[PDB]
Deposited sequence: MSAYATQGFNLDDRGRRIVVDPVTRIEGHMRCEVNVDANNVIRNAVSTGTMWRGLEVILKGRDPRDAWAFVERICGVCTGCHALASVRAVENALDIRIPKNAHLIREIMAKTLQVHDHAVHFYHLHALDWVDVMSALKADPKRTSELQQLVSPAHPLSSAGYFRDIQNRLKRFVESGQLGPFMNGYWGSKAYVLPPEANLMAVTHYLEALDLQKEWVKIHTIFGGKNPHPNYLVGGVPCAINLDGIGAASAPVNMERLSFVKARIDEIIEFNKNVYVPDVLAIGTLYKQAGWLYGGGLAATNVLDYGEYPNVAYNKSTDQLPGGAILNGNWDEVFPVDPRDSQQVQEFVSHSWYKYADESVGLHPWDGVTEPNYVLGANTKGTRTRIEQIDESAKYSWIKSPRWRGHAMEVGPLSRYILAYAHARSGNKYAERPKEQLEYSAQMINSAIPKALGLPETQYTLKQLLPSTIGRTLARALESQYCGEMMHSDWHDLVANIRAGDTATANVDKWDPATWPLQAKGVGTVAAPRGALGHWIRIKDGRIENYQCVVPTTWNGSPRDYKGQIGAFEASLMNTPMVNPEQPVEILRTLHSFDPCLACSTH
């Protein structure tokens, strides 16, 4: 047992192993210890994959890097490409033209919506929704619930819900349950009534059909999804109105706007209402676990400047909050060697001195797969990992030595803090949060005949429910922002500016003989940075610190826990052998393990 960050860690209880953690991207192992009453008192995050992209990049052309690092992840597809071209542009002092800026912003906001909505329905929902309970639902009462949860959603008839229920019935009655096989159906951890389950399963299927439409925005500007193309100096999708011969003409821009308008309807009518409704019902059940580090320490680099290269205009303004003090946002500088640092004390890597954290411009990725003396099992057959030693392929990022949570929740807490200090660029997220708190506390309870509650945002946001809510609100805000970006792009083109690439420094003969750069992105899961050193036209060092690296990190030199481990602490389990609560909270971070390890 030891105390850290206000958590009393104790490994004396019953050990539970979850390997694999499913409904994530990539490979994770989780172990917990539970006390005599099935309460988690210790949690261990193990990243169970590594590929070594940082090693592979050495000696290659900086102009090619975006395509290599894009393949860190096909779920957060393109955010690494964006970080990479930003890092190279930063190193070489390249300013991209306005149309390239706006097209990159539209592609980024398209990824946010697609990634968030697919996460919630296809990965997260089965932690809240019992599909077998959906089979017991009354189609008429499901119709009535749908009209209360989202009056504007046109797909609400008893007949519609009956037809979906009948397809689920036929599927289950076949005895081939496929993705539902060996599920935790009927666990007391599930609290939704049958009608809410059937509504959610219906929206799971709606989202699966619609998500493929949203990414056609990537296909227009970037050729394909997954893995759209980027370019150092701008975008490849040259503009010609008068013209079908150019990648981008008015017909292609009209097509993009049609896709954006569909996204805005989905976020407003399906996704946000479902998360408000499910959040309200789990709040009513008292399930406010999973706050972890969100109650104290949150970080984001800040993103979406409404004026390009002007960080004061970030529409998701960033920084760092410590100790739950929302009255003080510290500025975060990705260039400062004393701010972002990575430890490998408890990671399968080696440094000269593992008592220190390296800033990514000085970063080192040398693998060291070695298990501690207290391991149960062998090097190739682990029964119980030894978290006192090296236990993960994830490095341990810290900010000025502090363990931070990153992600949509971090950005929404930071936006709220900024708005309260008088930042007008954060007005929309503040409005969404106050609207959401009123719906969860008052409006939805009144509509469902449940008691009204008086939770503050300070109380509601640092929770697994709050983390899930912030992701849905961020999806909505990103759809609204890209709608504005589309108008600005078309207006700029119509005013006569058709430029899409700055090629002044394309040829490496023009480059300084050495340079360093950093590119940051508010990626779907939180704060992304790429740090590059260039020498004689080649990559000298390339280090990535990725959002799930922050959240999924193992303990640092001081033994401080990361966001995943903190979030699981002090959570009761209905059945320690069914990881329902573990999955619900881990999934609320939207873990991307290929991202975390790269």
>> Could you spell out the stretches of the deposited sequence that were left without C-alpha coordinates, going in sequence order?
In response: 1-2, 245-247
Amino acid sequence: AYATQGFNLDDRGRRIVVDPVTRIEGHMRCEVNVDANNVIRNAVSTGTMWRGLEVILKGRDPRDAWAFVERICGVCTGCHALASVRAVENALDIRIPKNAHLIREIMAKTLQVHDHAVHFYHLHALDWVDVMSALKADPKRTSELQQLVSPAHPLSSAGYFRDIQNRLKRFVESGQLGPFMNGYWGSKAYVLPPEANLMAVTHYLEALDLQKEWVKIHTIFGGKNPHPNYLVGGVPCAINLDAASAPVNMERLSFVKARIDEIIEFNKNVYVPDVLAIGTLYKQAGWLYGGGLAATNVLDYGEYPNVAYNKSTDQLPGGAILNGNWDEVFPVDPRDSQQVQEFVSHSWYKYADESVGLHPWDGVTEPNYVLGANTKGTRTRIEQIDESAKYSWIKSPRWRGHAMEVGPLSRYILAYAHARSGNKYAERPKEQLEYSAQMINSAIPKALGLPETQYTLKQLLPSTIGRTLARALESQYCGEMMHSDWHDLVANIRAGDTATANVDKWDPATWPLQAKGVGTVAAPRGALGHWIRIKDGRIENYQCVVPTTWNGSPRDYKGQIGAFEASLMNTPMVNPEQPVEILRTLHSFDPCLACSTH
From here on, numbers count along this sequence of modelled residues.
>> Check this for me: in at least a third of the other entries compared, is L253 absent while its neighbours are modelled?
In response: no
> Is it true that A243 has no coordinates in a third or more of the other entries in the comparison?
Replying inline: yes
>> Comparing average C-alpha B factors as deposited, tell me which of 460-468 and 190-198 sits higher.
In response: 190-198
> Which of the two stretches, 475-483 or 125-133, shows the higher mean Cα temperature factor in the record?
Replying inline: 125-133
> What's the residue among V17, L9, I24, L583 with the greatest CA temperature factor in the PDB record?
Replying inline: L9
>> Comparing recorded Cα B-factors across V118, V307, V272, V256, which one is largest?
In response: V307
> Taking the C-alpha B-factors as the PDB entry records them, is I239 in the lowest, middle or highest third of its chain?
Replying inline: middle
> Among the modelled residues of its chain, does the C-alpha B-factor of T500 lie in the lowest, middle or highest third?
Replying inline: middle
> So where's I94 on the chain's Cα temperature factor ranking, which third?
Replying inline: middle
> Lowest, middle or highest third of the chain for the C-alpha temperature factor of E144?
Replying inline: highest
> Going by what the PDB entry lists, where does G372 fall on CA B-factor within its chain: lowest, middle or highest third?
Replying inline: highest
